[PDB]
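Asks: Here you go, this is data01.txt (compact mmCIF, N, CA, C and O atoms).
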```
# COMPACT_ATOMS: atom_id res chain seq x y z
N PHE A 1 94.88 -30.95 40.85
CA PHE A 1 94.75 -32.42 40.85
C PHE A 1 93.30 -32.93 40.95
O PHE A 1 92.93 -33.89 40.29
N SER A 2 92.42 -32.23 41.66
CA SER A 2 90.97 -32.53 41.67
C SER A 2 90.23 -32.07 40.40
O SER A 2 89.00 -32.14 40.33
N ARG A 3 91.02 -31.57 39.45
CA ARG A 3 90.46 -31.02 38.22
C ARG A 3 91.05 -31.36 36.88
O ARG A 3 90.40 -31.14 35.95
N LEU A 4 92.27 -31.79 36.76
CA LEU A 4 92.93 -32.20 35.52
C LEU A 4 93.51 -33.62 35.56
O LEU A 4 93.54 -34.28 36.60
N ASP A 5 93.96 -34.10 34.41
CA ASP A 5 94.52 -35.43 34.16
C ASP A 5 96.04 -35.39 33.99
O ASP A 5 96.61 -34.44 33.45
N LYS A 6 96.73 -36.42 34.49
CA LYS A 6 98.18 -36.43 34.68
C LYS A 6 99.00 -35.94 33.47
O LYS A 6 100.00 -35.25 33.64
N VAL A 7 98.56 -36.24 32.24
CA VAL A 7 99.27 -35.89 31.00
C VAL A 7 99.13 -34.42 30.57
O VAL A 7 99.81 -33.97 29.65
N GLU A 8 98.27 -33.64 31.24
CA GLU A 8 98.07 -32.21 30.98
C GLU A 8 98.02 -31.33 32.24
O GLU A 8 98.26 -30.12 32.18
N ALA A 9 97.71 -31.91 33.40
CA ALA A 9 97.81 -31.27 34.71
C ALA A 9 99.26 -30.88 35.04
O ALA A 9 99.51 -29.83 35.63
N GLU A 10 100.23 -31.72 34.65
CA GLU A 10 101.62 -31.56 35.04
C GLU A 10 102.25 -30.28 34.49
O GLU A 10 103.10 -29.69 35.15
N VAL A 11 101.78 -29.77 33.35
CA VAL A 11 102.17 -28.45 32.84
C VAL A 11 101.73 -27.32 33.78
O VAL A 11 102.46 -26.35 33.94
N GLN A 12 100.54 -27.40 34.38
CA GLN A 12 100.10 -26.39 35.36
C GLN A 12 100.96 -26.47 36.62
O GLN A 12 101.35 -25.44 37.16
N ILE A 13 101.26 -27.67 37.11
CA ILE A 13 102.11 -27.87 38.29
C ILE A 13 103.54 -27.39 37.99
O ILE A 13 104.13 -26.68 38.79
N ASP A 14 104.10 -27.71 36.83
CA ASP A 14 105.45 -27.32 36.42
C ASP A 14 105.66 -25.81 36.41
O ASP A 14 106.71 -25.30 36.80
N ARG A 15 104.61 -25.06 36.11
CA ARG A 15 104.82 -23.63 36.21
C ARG A 15 104.94 -23.29 37.68
O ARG A 15 105.90 -22.68 38.10
N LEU A 16 104.05 -23.79 38.49
CA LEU A 16 104.08 -23.45 39.92
C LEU A 16 105.34 -23.92 40.62
O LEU A 16 105.88 -23.18 41.44
N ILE A 17 105.84 -25.12 40.31
CA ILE A 17 107.09 -25.64 40.85
C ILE A 17 108.19 -24.64 40.51
O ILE A 17 108.94 -24.23 41.39
N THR A 18 108.26 -24.17 39.26
CA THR A 18 109.23 -23.18 38.84
C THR A 18 109.11 -21.89 39.64
O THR A 18 110.07 -21.42 40.21
N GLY A 19 107.92 -21.31 39.70
CA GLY A 19 107.69 -20.01 40.32
C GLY A 19 107.94 -20.00 41.83
O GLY A 19 108.49 -19.04 42.37
N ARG A 20 107.58 -21.09 42.50
CA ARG A 20 107.84 -21.26 43.92
C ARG A 20 109.32 -21.48 44.16
O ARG A 20 109.89 -20.82 45.02
N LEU A 21 109.98 -22.33 43.39
CA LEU A 21 111.41 -22.54 43.55
C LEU A 21 112.22 -21.27 43.27
O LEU A 21 113.20 -20.99 43.95
N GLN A 22 111.77 -20.47 42.33
CA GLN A 22 112.33 -19.15 42.04
C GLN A 22 112.19 -18.17 43.20
O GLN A 22 113.08 -17.35 43.47
N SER A 23 111.06 -18.26 43.91
CA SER A 23 110.84 -17.42 45.08
C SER A 23 111.72 -17.83 46.27
O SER A 23 112.19 -16.96 47.00
N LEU A 24 111.99 -19.12 46.45
CA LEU A 24 112.98 -19.54 47.43
C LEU A 24 114.39 -19.07 47.02
O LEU A 24 115.08 -18.49 47.86
N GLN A 25 114.79 -19.19 45.75
CA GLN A 25 116.10 -18.69 45.30
C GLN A 25 116.27 -17.18 45.50
O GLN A 25 117.39 -16.70 45.69
N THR A 26 115.18 -16.42 45.42
CA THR A 26 115.15 -15.00 45.76
C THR A 26 115.38 -14.80 47.24
O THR A 26 116.29 -14.05 47.60
N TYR A 27 114.65 -15.52 48.09
CA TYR A 27 114.80 -15.42 49.54
C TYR A 27 116.21 -15.77 50.00
O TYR A 27 116.85 -15.02 50.72
N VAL A 28 116.76 -16.90 49.54
CA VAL A 28 118.09 -17.37 49.95
C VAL A 28 119.18 -16.43 49.43
O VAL A 28 120.11 -16.14 50.17
N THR A 29 119.04 -15.84 48.24
CA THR A 29 119.94 -14.77 47.80
C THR A 29 119.85 -13.53 48.67
O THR A 29 120.86 -13.01 49.12
N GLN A 30 118.65 -13.05 48.97
CA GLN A 30 118.45 -11.90 49.83
C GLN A 30 118.96 -12.17 51.25
O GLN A 30 119.59 -11.28 51.82
N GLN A 31 118.80 -13.37 51.80
CA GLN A 31 119.37 -13.72 53.10
C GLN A 31 120.89 -13.78 53.05
O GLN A 31 121.54 -13.30 53.96
N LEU A 32 121.50 -14.33 52.00
CA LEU A 32 122.97 -14.35 51.88
C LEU A 32 123.56 -12.94 51.80
O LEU A 32 124.62 -12.69 52.38
N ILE A 33 122.86 -12.01 51.14
CA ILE A 33 123.28 -10.60 51.07
C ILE A 33 123.07 -9.93 52.44
O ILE A 33 124.00 -9.33 52.96
N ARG A 34 121.95 -10.11 53.11
CA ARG A 34 121.83 -9.48 54.42
C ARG A 34 122.78 -10.10 55.41
O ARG A 34 123.35 -9.42 56.21
N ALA A 35 122.97 -11.39 55.37
CA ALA A 35 123.88 -12.07 56.28
C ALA A 35 125.31 -11.59 56.11
O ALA A 35 126.00 -11.41 57.11
N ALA A 36 125.77 -11.27 54.89
CA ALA A 36 127.07 -10.65 54.69
C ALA A 36 127.16 -9.25 55.33
O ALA A 36 128.20 -8.85 55.84
N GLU A 37 126.07 -8.50 55.38
CA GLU A 37 125.99 -7.16 55.99
C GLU A 37 125.96 -7.23 57.50
O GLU A 37 126.54 -6.39 58.16
N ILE A 38 125.30 -8.25 58.09
CA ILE A 38 125.34 -8.52 59.53
C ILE A 38 126.73 -9.00 59.94
O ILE A 38 127.21 -8.54 60.97
N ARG A 39 127.40 -9.74 59.10
CA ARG A 39 128.73 -10.19 59.43
C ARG A 39 129.59 -8.98 59.48
O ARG A 39 130.28 -8.81 60.42
N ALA A 40 129.60 -8.18 58.45
CA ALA A 40 130.34 -6.92 58.42
C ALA A 40 130.13 -6.09 59.69
O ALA A 40 131.07 -5.46 60.17
N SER A 41 128.94 -6.15 60.29
CA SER A 41 128.65 -5.52 61.58
C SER A 41 129.15 -6.33 62.77
O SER A 41 129.60 -5.74 63.74
N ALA A 42 129.14 -7.66 62.74
CA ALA A 42 129.65 -8.50 63.81
C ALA A 42 131.17 -8.38 63.93
O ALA A 42 131.68 -8.25 65.04
N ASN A 43 131.91 -8.36 62.83
CA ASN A 43 133.35 -8.15 62.84
C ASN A 43 133.70 -6.72 63.27
O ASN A 43 134.71 -6.50 63.93
N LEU A 44 132.85 -5.73 63.00
CA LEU A 44 132.99 -4.39 63.58
C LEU A 44 132.70 -4.42 65.08
O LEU A 44 133.50 -3.90 65.85
N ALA A 45 131.62 -5.05 65.53
CA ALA A 45 131.33 -5.20 66.95
C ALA A 45 132.44 -5.94 67.70
O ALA A 45 132.81 -5.53 68.79
N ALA A 46 133.04 -6.97 67.10
CA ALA A 46 134.16 -7.69 67.67
C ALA A 46 135.40 -6.81 67.77
O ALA A 46 136.14 -6.90 68.75
N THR A 47 135.60 -5.91 66.80
CA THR A 47 136.72 -4.97 66.85
C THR A 47 136.50 -3.92 67.94
O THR A 47 137.42 -3.61 68.68
N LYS A 48 135.28 -3.43 68.13
CA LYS A 48 135.00 -2.50 69.24
C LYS A 48 135.07 -3.18 70.59
O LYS A 48 135.55 -2.57 71.54
N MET A 49 134.69 -4.45 70.71
CA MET A 49 134.92 -5.18 71.96
C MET A 49 136.41 -5.30 72.27
O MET A 49 136.86 -4.97 73.37
N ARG B 1 62.09 -31.47 20.57
CA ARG B 1 62.63 -30.49 19.61
C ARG B 1 63.60 -29.51 20.29
O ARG B 1 63.37 -29.09 21.42
N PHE B 2 64.69 -29.16 19.60
CA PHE B 2 65.70 -28.24 20.13
C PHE B 2 65.45 -26.78 19.73
O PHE B 2 64.61 -26.48 18.88
N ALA B 3 66.20 -25.86 20.33
CA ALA B 3 66.12 -24.44 19.99
C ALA B 3 66.91 -24.10 18.71
O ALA B 3 67.91 -24.76 18.40
N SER B 4 66.47 -23.05 18.01
CA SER B 4 67.30 -22.38 16.99
C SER B 4 68.46 -21.66 17.67
O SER B 4 68.31 -21.19 18.79
N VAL B 5 69.61 -21.53 17.03
CA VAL B 5 70.85 -21.10 17.69
C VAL B 5 70.83 -19.67 18.24
O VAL B 5 71.44 -19.43 19.26
N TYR B 6 69.96 -18.82 17.70
CA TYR B 6 69.80 -17.46 18.21
C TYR B 6 68.81 -17.41 19.40
O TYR B 6 68.87 -16.51 20.23
N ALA B 7 67.91 -18.40 19.46
CA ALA B 7 66.90 -18.54 20.49
C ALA B 7 67.29 -19.55 21.58
O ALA B 7 66.43 -20.09 22.26
N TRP B 8 68.59 -19.83 21.66
CA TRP B 8 69.16 -20.95 22.40
C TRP B 8 68.67 -21.10 23.85
O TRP B 8 68.51 -20.11 24.56
N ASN B 9 68.40 -22.32 24.27
CA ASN B 9 67.80 -22.60 25.56
C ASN B 9 68.88 -22.68 26.64
O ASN B 9 70.00 -23.12 26.37
N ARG B 10 68.48 -22.45 27.88
CA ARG B 10 69.38 -22.56 29.00
C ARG B 10 68.58 -22.93 30.18
O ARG B 10 67.71 -22.21 30.53
N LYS B 11 68.95 -24.01 30.83
CA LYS B 11 68.27 -24.59 31.97
C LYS B 11 69.23 -24.82 33.11
O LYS B 11 70.31 -25.36 32.92
N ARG B 12 68.82 -24.41 34.30
CA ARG B 12 69.48 -24.70 35.56
C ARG B 12 69.31 -26.18 35.88
O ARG B 12 68.19 -26.65 36.06
N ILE B 13 70.42 -26.90 36.05
CA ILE B 13 70.44 -28.22 36.66
C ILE B 13 70.88 -28.00 38.09
O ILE B 13 71.99 -27.54 38.32
N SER B 14 70.03 -28.30 39.07
CA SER B 14 70.32 -28.03 40.49
C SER B 14 69.68 -29.01 41.44
O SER B 14 68.67 -29.63 41.12
N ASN B 15 70.26 -29.09 42.63
CA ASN B 15 69.78 -29.91 43.73
C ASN B 15 69.46 -31.35 43.30
O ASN B 15 68.34 -31.84 43.44
N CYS B 16 70.47 -31.97 42.67
CA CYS B 16 70.42 -33.31 42.08
C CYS B 16 71.84 -33.92 41.88
O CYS B 16 72.83 -33.20 41.90
N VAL B 17 71.94 -35.24 41.64
CA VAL B 17 73.21 -35.93 41.31
C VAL B 17 73.38 -36.09 39.79
O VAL B 17 72.49 -36.61 39.11
N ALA B 18 74.53 -35.71 39.25
CA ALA B 18 74.81 -35.75 37.82
C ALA B 18 75.85 -36.84 37.50
O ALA B 18 76.98 -36.81 37.97
N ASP B 19 75.47 -37.78 36.65
CA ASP B 19 76.25 -38.95 36.25
C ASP B 19 76.55 -38.92 34.75
O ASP B 19 75.66 -38.89 33.92
N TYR B 20 77.83 -38.90 34.42
CA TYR B 20 78.27 -38.95 33.03
C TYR B 20 78.27 -40.39 32.49
O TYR B 20 77.89 -40.64 31.34
N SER B 21 78.66 -41.37 33.30
CA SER B 21 78.74 -42.76 32.86
C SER B 21 77.42 -43.32 32.28
O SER B 21 77.42 -43.91 31.19
N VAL B 22 76.29 -43.10 32.98
CA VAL B 22 74.99 -43.62 32.50
C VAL B 22 74.54 -42.97 31.20
O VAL B 22 73.99 -43.63 30.32
N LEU B 23 74.84 -41.68 31.04
CA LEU B 23 74.63 -40.98 29.77
C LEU B 23 75.48 -41.59 28.64
O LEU B 23 74.97 -41.83 27.55
N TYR B 24 76.75 -41.87 28.89
CA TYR B 24 77.65 -42.33 27.82
C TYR B 24 77.26 -43.71 27.33
O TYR B 24 77.30 -43.99 26.14
N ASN B 25 76.81 -44.57 28.24
CA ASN B 25 76.21 -45.86 27.88
C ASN B 25 74.90 -45.67 27.08
O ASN B 25 74.62 -46.43 26.15
N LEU B 26 74.10 -44.65 27.39
CA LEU B 26 72.91 -44.28 26.60
C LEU B 26 73.26 -43.62 25.25
O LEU B 26 72.44 -43.62 24.34
N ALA B 27 74.46 -43.05 25.10
CA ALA B 27 74.73 -42.05 24.08
C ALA B 27 75.06 -42.61 22.69
O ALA B 27 76.12 -43.21 22.53
N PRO B 28 74.26 -42.29 21.66
CA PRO B 28 74.75 -42.23 20.28
C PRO B 28 75.50 -40.89 20.02
O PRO B 28 75.98 -40.60 18.92
N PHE B 29 75.56 -40.04 21.06
CA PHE B 29 76.06 -38.67 21.10
C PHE B 29 77.60 -38.63 21.09
O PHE B 29 78.26 -38.18 22.03
N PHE B 30 78.19 -39.18 20.03
CA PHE B 30 79.58 -39.61 19.91
C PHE B 30 80.66 -38.50 19.88
O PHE B 30 81.65 -38.63 19.15
N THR B 31 80.54 -37.39 20.62
CA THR B 31 81.63 -36.40 20.76
C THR B 31 81.70 -35.84 22.18
O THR B 31 80.76 -35.99 22.96
N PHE B 32 82.83 -35.21 22.52
CA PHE B 32 83.06 -34.54 23.79
C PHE B 32 84.20 -33.52 23.65
O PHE B 32 85.14 -33.78 22.88
N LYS B 33 84.18 -32.41 24.39
CA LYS B 33 85.36 -31.53 24.52
C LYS B 33 85.28 -30.66 25.78
O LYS B 33 84.39 -29.82 25.89
N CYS B 34 86.19 -30.83 26.73
CA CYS B 34 86.24 -30.03 27.95
C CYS B 34 87.38 -29.01 27.98
O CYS B 34 88.35 -29.12 27.23
N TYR B 35 87.26 -28.01 28.85
CA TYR B 35 88.12 -26.82 28.80
C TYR B 35 88.70 -26.34 30.15
O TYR B 35 89.63 -25.52 30.16
N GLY B 36 88.23 -26.86 31.28
CA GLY B 36 88.76 -26.51 32.61
C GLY B 36 88.73 -27.66 33.62
O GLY B 36 88.95 -27.46 34.82
N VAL B 37 88.44 -28.84 33.12
CA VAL B 37 88.28 -30.09 33.87
C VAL B 37 88.62 -31.21 32.90
O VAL B 37 88.38 -31.09 31.70
N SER B 38 89.17 -32.29 33.40
CA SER B 38 89.36 -33.52 32.63
C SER B 38 88.06 -34.31 32.50
O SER B 38 87.37 -34.51 33.50
N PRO B 39 87.75 -34.94 31.35
CA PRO B 39 86.64 -35.88 31.26
C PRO B 39 86.73 -37.00 32.29
O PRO B 39 85.73 -37.34 32.91
N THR B 40 87.94 -37.47 32.60
CA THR B 40 88.15 -38.56 33.54
C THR B 40 87.79 -38.20 34.99
O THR B 40 87.62 -39.09 35.82
N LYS B 41 87.63 -36.91 35.27
CA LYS B 41 87.35 -36.37 36.60
C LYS B 41 85.89 -35.97 36.79
O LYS B 41 85.44 -35.77 37.91
N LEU B 42 85.10 -35.90 35.72
CA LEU B 42 83.74 -35.32 35.77
C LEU B 42 82.83 -36.05 36.76
O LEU B 42 81.98 -35.41 37.38
N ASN B 43 82.96 -37.37 36.91
CA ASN B 43 82.17 -38.16 37.86
C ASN B 43 82.60 -38.02 39.34
O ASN B 43 81.89 -38.47 40.24
N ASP B 44 83.76 -37.42 39.63
CA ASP B 44 84.27 -37.35 41.01
C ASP B 44 84.18 -35.96 41.65
O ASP B 44 84.20 -35.85 42.88
N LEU B 45 84.01 -34.91 40.85
CA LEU B 45 83.86 -33.52 41.30
C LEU B 45 82.55 -33.26 42.08
O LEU B 45 81.67 -34.11 42.23
N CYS B 46 82.37 -32.02 42.50
CA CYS B 46 81.06 -31.43 42.69
C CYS B 46 81.06 -29.95 42.28
O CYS B 46 82.09 -29.29 42.28
N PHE B 47 79.89 -29.44 41.90
CA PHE B 47 79.68 -28.15 41.26
C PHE B 47 78.73 -27.24 42.04
O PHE B 47 77.74 -27.68 42.62
N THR B 48 79.02 -25.95 41.99
CA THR B 48 78.26 -24.87 42.59
C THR B 48 76.92 -24.69 41.90
O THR B 48 75.87 -24.90 42.51
N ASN B 49 76.96 -24.35 40.61
CA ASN B 49 75.79 -24.20 39.75
C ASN B 49 76.13 -24.70 38.36
O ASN B 49 77.28 -24.61 37.93
```
Write out the structure in this file as structure tokens.

Replies:
Amino acid sequence: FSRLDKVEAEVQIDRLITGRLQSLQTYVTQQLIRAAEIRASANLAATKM
Amino acid sequence: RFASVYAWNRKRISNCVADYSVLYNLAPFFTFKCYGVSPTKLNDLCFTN
């Protein structure tokens, strides 16, 4: 933003918005997969209790 | 007088304030093309060398 103009800067930002949002979608997928594995262990721990 | 293209000159502009607006008002120099900065931003930046 301290270097480009709104009609051509936005293409540089749009790549970054994509790549950062993609990295959150990776994290939330990886957390949903680990969280299913912790649950599988919590329901086992509840069965041993 | 200017340099021949193989003998091309190069000068350090340093330790000074650089204004595009006063040049453009002076300019019969009727072209421009930038590659990593917007023309609209050139008066608001600052530069290393």

Asks: One decimal, in Å: what's the spacing between atom O of residue A:8 and atom C of residue B:39?

Replies: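 Atom-to-atom, atom O of residue A:8 and atom C of residue B:39 are spaced 13.4 Å apart.
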
Asks: So how far away is atom C of residue A:4 from atom N of residue B:41, in Å?

Replies: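 Atom C of residue A:4 lies at a distance of 6.7 Å from atom N of residue B:41.
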
Asks: Using only C-alpha atoms and a distance of at most 8 Å, pull out the residues of chain A that contact chain B, as a ChimeraX atom specification.

Replies: /A:2-5

Asks: Do you have the atom N of residue A:28-atom C of residue A:40 distance handy?

Replies: 20.0 Å

Asks: If you run DSSP on the backbone here, which positions in chain B get alpha helix (DSSP H)? Please write them as a list in words.

Replies: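 Residues meeting the alpha helix (DSSP H) criterion: residues 20, 21, 22, 23, 24, 25 and 26 of chain B.
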